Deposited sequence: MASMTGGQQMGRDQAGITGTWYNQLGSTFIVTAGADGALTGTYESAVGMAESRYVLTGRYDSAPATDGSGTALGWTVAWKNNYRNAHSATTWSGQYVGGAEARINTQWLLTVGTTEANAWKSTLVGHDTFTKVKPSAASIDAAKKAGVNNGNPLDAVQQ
């Protein structure tokens, strides 16, 4: 993949969170995510996909379900965005966080936000 080498590795967001990803030649993303905010402790599995054949950014997305051996926040976040390489490489994303709720509370089950990931803290 064009940006396979650029994506693989460790990324940090504006809040302190870290994620470590391997991009496969087949478009796969696999790794772990460690949050700095919210009901999250330690690492969580992440999986996703990217465009392996894009001047344009490389579109990608991934999911974390917020369950590991220390916490279950009954929720999942998806990040959708694009990787931009270079000396100031970035993964710029928007995200959706859905919490498991009763049907009566489903209208308020999904938060939206944005994260910018860089190679340095």
| query | finding |
| --- | --- |
| Ranges of the deposited sequence (numbered from 1) for which no C-alpha atom is modelled | 1-10, 65-67, 135-159 |
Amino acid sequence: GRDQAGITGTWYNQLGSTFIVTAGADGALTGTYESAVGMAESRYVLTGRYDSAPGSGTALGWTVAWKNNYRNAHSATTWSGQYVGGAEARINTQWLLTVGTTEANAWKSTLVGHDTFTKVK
From here on, numbers count along this sequence of modelled residues.
{"item": "62-70 versus 39-47 - greater average Cα B-factor per the deposited record", "value": "39-47"}
{"item": "Selected stretch [higher average CA B-factor]: 71-79 or 27-35", "value": "27-35"}
{"item": "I20, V99, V112, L15, ranked by C-alpha B-factor: the highest one", "value": "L15"}
